Colleague: 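So that we are looking at the same thing, I have put the structure below in structure tokens.
Worth knowing before you read on, the calculation uses all heavy atoms, side chains too, and leaves out hydrogens, waters and symmetry mates. Counting begins at 1 with the first residue of the sequence.
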Amino acid sequence: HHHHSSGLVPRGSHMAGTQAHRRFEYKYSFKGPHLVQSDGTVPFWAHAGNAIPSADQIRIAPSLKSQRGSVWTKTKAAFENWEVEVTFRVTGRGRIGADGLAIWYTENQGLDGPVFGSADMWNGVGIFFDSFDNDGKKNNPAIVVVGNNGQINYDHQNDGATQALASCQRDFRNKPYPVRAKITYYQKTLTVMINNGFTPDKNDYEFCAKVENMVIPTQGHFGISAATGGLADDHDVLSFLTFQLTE
Ligand SMILES: [Ca+2]
Ligand SMILES: [Ca+2]
């Protein structure tokens with residue numbers, strides 16, 4: 001509650017459609033155009049690995065083999081209820097690609113590791129956009145919600161199927177328009193909605209998965225990461241927009 005004050009008039013203008021229940025969290029957000037500052041950094045966010053930010057997007061992991069990249073908020077958020085809207089592209093030659101992209105709310109920053117570019121044994125929630133079918137069950141690309149409390153090693157080989165709280169099968173690769181994921185944590189419920197990028201309409205969201213009465217840490221960083229394997233897609237994020245929800 002209470003409108004954001006630590007912002008310039010150009011940035012106010014820049015984020016106009018976002019400011020105009022829902023309170024825009026400027027300090028936990030990024031977008032183009034001019035996504036990046038004259039010194040190459042994304043204001044309020046740190047990047048690591050192979051991630052390279054530019055004016056229009058952050059290429060988290062480019063289409064080389066065995067790449068890892070991530071981007072994380074510099075500080076933790078402390079929101080009872082929240083909603084992130086993440087806009088991205090996963091592009092590659094051919095109908096099959098690897099490995100995928102992850103959106104995180106975790107207690108620490110997962111700068112580097114083996115889990116879509118970020119740290120294993122995390123404390124909080126990952127939403128995994130897993131493009132490659134490691135278990136051969138012919139059910140990728142898939143979106144899987146994986147909670148963790150610092151104890152679990154992510155089961156890469158089964159596509160996290162044995163550890164997933166919820167999941168849906170959606171092809172988010174090679175789409176005419178950017179793909180969008182909206183992730184909502186509200187009154188103990190985690191919801192994933194996907195805009196699959198067939199349409200110019202940015203609000204054409206379809207239900208994907210839900211976890212009722214989920215627990216997550218009271219404070220955490222938001223993050224996004226990706227990785228490639230033998231096959232390699234470009235994984236690009238165009239914007240990450242955070243909102244704090246009340247009542
Ligand atoms: Ca996989
Ligand atoms: Ca699979």
Side-chain angles (χ1 to χ4, degrees), residues 1-5 7 15-31 44-45 71-79 81-88 101-110 116 118 122-130 142-150 152 160 163-170 172 178-197 201-205 207-209 211 213-225 237-247:
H1 262 172
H2 112 283
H3 247 289
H4 223 305
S5 246
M15 304 266 180
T18 329
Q19 313 261 10
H21 229 299
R22 292 225 308 180
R23 186 235 187 192
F24 179 54
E25 291 295 326
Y26 174 54
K27 298 293 189 88
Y28 301 89
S29 288
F30 63 79
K31 78 175 197 184
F44 327 123
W45 295 68
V71 192
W72 289 87
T73 58
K74 287 187 176 196
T75 74
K76 297 189 218 268
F79 309 140
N81 305 295
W82 49 256
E83 195 169 78
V84 303
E85 285 186 272
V86 193
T87 298
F88 67 87
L101 173 130
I103 293 157
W104 302 97
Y105 170 79
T106 67
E107 180 245 62
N108 292 301
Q109 293 180 149
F116 296 95
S118 185
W122 67 92
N123 187 14
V125 63
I127 300 97
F128 300 157
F129 295 75
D130 182 351
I143 297 154
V144 20
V145 179
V146 187
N148 206 343
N149 60 352
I152 296 142
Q163 302 155 163
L165 302 167
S167 84
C168 82
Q169 221 192 308
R170 292 282 212 287
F172 49 81
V179 171
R180 312 191 74 201
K182 170 164 82 187
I183 312 179
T184 308
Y185 185 77
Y186 186 63
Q187 310 195 300
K188 297 316 228 250
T189 294
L190 187 84
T191 308
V192 187
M193 312 275 283
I194 310 288
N195 177 330
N196 218 182
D201 213 295
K202 71 144 146 22
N203 286 326
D204 213 292
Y205 280 108
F207 174 76
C208 160
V211 191
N213 300 294
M214 197 182 163
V215 346
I216 52 163
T218 52
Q219 268 164 56
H221 297 263
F222 288 104
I224 179 165
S225 69
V237 58
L238 281 66
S239 61
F240 190 119
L241 312 170
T242 304
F243 295 85
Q244 172 184 359
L245 313 188
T246 297
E247 148 129 88

Colleague: Under a 3.5 Å distance rule, please check whether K76 uses its side chain to pair with a backbone N or O of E107 as donor and acceptor.
Modeller: yes

Colleague: With respect to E83, which candidate in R22, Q244, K182 satisfies the side chain to side chain donor-acceptor pair (under 3.5 Å) definition?
Modeller: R22

Colleague: Would you give the length of the straight line joining atom CG of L165 to atom CG of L190, rounded to the nearest 0.5 angstrom?
Modeller: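 Answer for the CG-CG pair, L165 versus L190, is 9.0 Å.
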
Colleague: Let's go through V146 and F128 carefully: what are the C-alpha distance in whole Å and the side-chain angles of both, what is the deciding distance for side-chain contact (heavy atoms from CB on, under 4.5 Å) to 0.1 Å, and is it a yes or a no?
Modeller: CA-CA 8 Å; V146 187; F128 300 157; 3.6 Å; yes

Colleague: Going by heavy atoms in the side chains, are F240 and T73 under 4.5 Å from each other?
Modeller: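 Side-chain contact under 4.5 Å: no.
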
Colleague: Can you give me the closest heavy-atom contact between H221 and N108, atom names plus distance?
Modeller: CD2-C, 3.8 Å

Colleague: Any idea which heavy atoms bring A209 and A166 closest together, and the distance?
Modeller: CB-CB, 3.8 Å

Colleague: Measuring from atom OG1 of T246 to atom NE2 of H2, what distance do you get when rounded to the nearest 0.5 angstrom?
Modeller: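 These two atoms lie 12.0 Å from each other.
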
Colleague: Of the non-hydrogen atoms in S225 and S118, which two are nearest, and what is the gap between them?
Modeller: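 Taking every non-hydrogen atom into account, OG-CB, 3.7 Å.
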
Colleague: How long is the gap from OH on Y205 to CG on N196, to the nearest 0.5 Å?
Modeller: 12.0 Å

Colleague: Going from CH2 on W104 to CD on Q109, what distance comes out if it is rounded to the nearest 0.5 angstrom?
Modeller: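 The CH2 atom of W104 sits 13.5 Å away from the CD atom of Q109.
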
Colleague: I216 versus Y105: any side-chain heavy-atom pair under 4.5 Å?
Modeller: yes

Colleague: Closest approach of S29 and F24, non-hydrogen atoms and distance?
Modeller: OG-CE1, 3.3 Å

Colleague: Name the orientation class of the two ring planes belonging to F88 and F129 (parallel below 30°, tilted from 30 to 60°, perpendicular beyond 60°).
Modeller: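 Because their plane-to-plane angle is over 60°, the rings of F88 and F129 count as perpendicular.
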
Colleague: Looking at every heavy atom in both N149 and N123, which two are closest together, and how far apart are they?
Modeller: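 Closest heavy-atom pair between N149 and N123: CA-OD1, 3.5 Å.
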
Colleague: Is any side-chain heavy atom of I183 less than 4.5 Å from a side-chain heavy atom of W82?
Modeller: yes

Colleague: Any salt bridge between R23 and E25, counting N to O under 4.0 Å?
Modeller: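 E25 and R23: salt-bridged.
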
Colleague: Could you check whether any side-chain N or O of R180 sits under 3.5 Å from a backbone N or O of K202, counting only pairs where one atom can act as donor and the other as acceptor?
Modeller: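 Yes.
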
Colleague: Is any side-chain heavy atom of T184 closer than 4.5 Å to one of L245?
Modeller: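 In short, these two side chains touch, coming nearer than 4.5 Å.
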
Colleague: Do the side chains of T191 and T189 get nearer than 4.5 Å, heavy atoms only?
Modeller: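 The answer is yes, as the side chains (C-beta and beyond) meet within the 4.5 Å cut-off.
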
Colleague: Here's a test for you: under ring-ring contact (aromatic ring centres under 6.0 Å, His included), which of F243, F79, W72 qualifies with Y28?
Modeller: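 Of the listed options, the one satisfying the test is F79.
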
Colleague: When rounded to the nearest 0.5 angstrom, what is the spacing between NE2 in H4 and CD in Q19?
Modeller: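 Between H4 NE2 and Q19 CD, I get 8.5 Å after rounding to 0.5 Å.
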
Colleague: Check whether any side-chain heavy atom of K31 sits under 4.5 Å from a side-chain heavy atom of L241, and report yes or no.
Modeller: yes

Colleague: To the nearest 0.5 Å, how far apart are CG in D204 and CG in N195?
Modeller: 5.5 Å

Colleague: Ring-plane angle category for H21 and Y186, please: parallel below 30°, perpendicular beyond 60°, tilted otherwise.
Modeller: tilted

Colleague: Measure across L238 and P178 and return the closest heavy-atom pair with its distance rounded to 0.1 Å.
Modeller: CD2-CG, 4.0 Å

